[PDB]
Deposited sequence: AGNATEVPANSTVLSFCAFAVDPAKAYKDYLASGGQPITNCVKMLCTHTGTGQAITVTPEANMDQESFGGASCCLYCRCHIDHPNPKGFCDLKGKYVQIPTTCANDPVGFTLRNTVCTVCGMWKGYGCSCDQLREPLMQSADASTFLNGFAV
């Protein structure tokens, strides 16, 4: 499943939009991101140097979520995710990749705009 999806997006002139369109067609989210095991809740920050999932999130290994790293192609913006950990609201933890693609980290508090910001 992931190969068809990742293949389709990898060669599209715009990977991000290929995925977006794909999901909009009812396509299945990219699975197999790595979930981090935490013994304590963290700051709840979007992207961090160490796992920081709080009561409402889950922490995945950065690269594991970066679509470009997953598609093995160059970056738009290096995975400003690679080597770090991404916190995702649990309600959206079903599509980590798509999530970071569709959201914005707050520059002030550093949490997802719309989910735990301000």
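In sequence order, the deposited residues that have no C-alpha coordinates form the ranges 1 to 8, 86 to 88, 130 to 152.
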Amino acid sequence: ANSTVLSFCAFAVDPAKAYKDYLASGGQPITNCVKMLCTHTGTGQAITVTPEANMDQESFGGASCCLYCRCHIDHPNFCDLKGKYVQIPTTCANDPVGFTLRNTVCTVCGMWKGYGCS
From here on, numbers count along this sequence of modelled residues.
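Legend: mean Cα B-factor per stretch from the PDB entry, 64 to 72 versus 22 to 30; the higher mean is in 22 to 30. Comparing the deposited coordinates for 90 to 98 and 103 to 111, the stretch with the larger average C-alpha B-factor is 103 to 111. Ranked by Cα temperature factor within the chain, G83 sits in the lowest third according to the deposited record.
Placement of the Cα temperature factor of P51 within the chain: lowest third of the modelled residues, per the deposited record.
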